[PDB]
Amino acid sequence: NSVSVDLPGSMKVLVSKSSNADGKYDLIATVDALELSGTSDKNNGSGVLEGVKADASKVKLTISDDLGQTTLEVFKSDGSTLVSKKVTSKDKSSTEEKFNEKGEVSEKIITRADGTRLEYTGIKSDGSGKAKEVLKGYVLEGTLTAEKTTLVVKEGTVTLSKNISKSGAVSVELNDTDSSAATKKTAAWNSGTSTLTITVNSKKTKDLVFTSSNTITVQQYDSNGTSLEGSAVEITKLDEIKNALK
């Protein structure tokens, strides 16, 4: 009879085998234990389904025409104002939002395809808030503004800041208040290799690489300050970032 279709966001929809008198297909889905229904112009599982929560909040599932993306929305019981929205994109990343009484976003959780996350909480009407990046093994914390996200790690008099611009560009900086010329760390950022090179006493000491896989690696220079030595080591815990800043 109906045809089962797998969707982004770990959902399924059942589509009628054939169309009704108007040419439209019936759609059914169950999300959690909520039954959703709709009709569609297409026969592939795309379209809109609707239902309600046990508390009468409206629910809408929207499946893009090519099945690439899904959106699951919850609204107030009159259907007017959004309460929550989850969008799963074609890479299987997701964004999950909560909204306040005016429909303004108050929380946004971005889950990358690899499972790492950006968590934005306490978001205010100017787009400022608290930020966390959840990586494999550890979490980075900081703040959000409409210009950038800034995640910070402190060790001694060193502050490491990982910035994510509004447009998604990562850059990293290091600032040290150390008053001793012999021990003060400085660093340079290379956007072309996503690498922060730390210097102490006029010699390169370490490269910190912020990889496309959402990891951080550390590699030391030889005592000559010009050649790398050994091989890069992936950071697995926050304490190891702090160790790289010593």
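Residue positions are given as counts along the sequence shown, with the first one as 1.
The mean Cα B-factor in the deposited entry runs higher for 175 to 183 than for the other of 189 to 197 and 175 to 183. Comparing the listed residues 88, 150, 84, 167, the entry records the largest Cα B-factor for 167. Comparing the listed residues 73, 97, 114, 141, the entry records the largest Cα B-factor for 114. When the CA B factors of the chain's modelled residues are split into thirds, the value for residue 203 lands in the highest one. Ranked by Cα temperature factor within the chain, residue 35 sits in the middle third according to the deposited record.
Among the modelled residues of its chain, residue 41 has a C-alpha B-factor that falls in the highest third, as given in the PDB entry. The PDB entry assigns residue 137 a C-alpha temperature factor belonging to the highest third of its chain's modelled residues. Sort the chain's modelled residues by C-alpha temperature factor and residue 212 lands in the highest third, per the entry.
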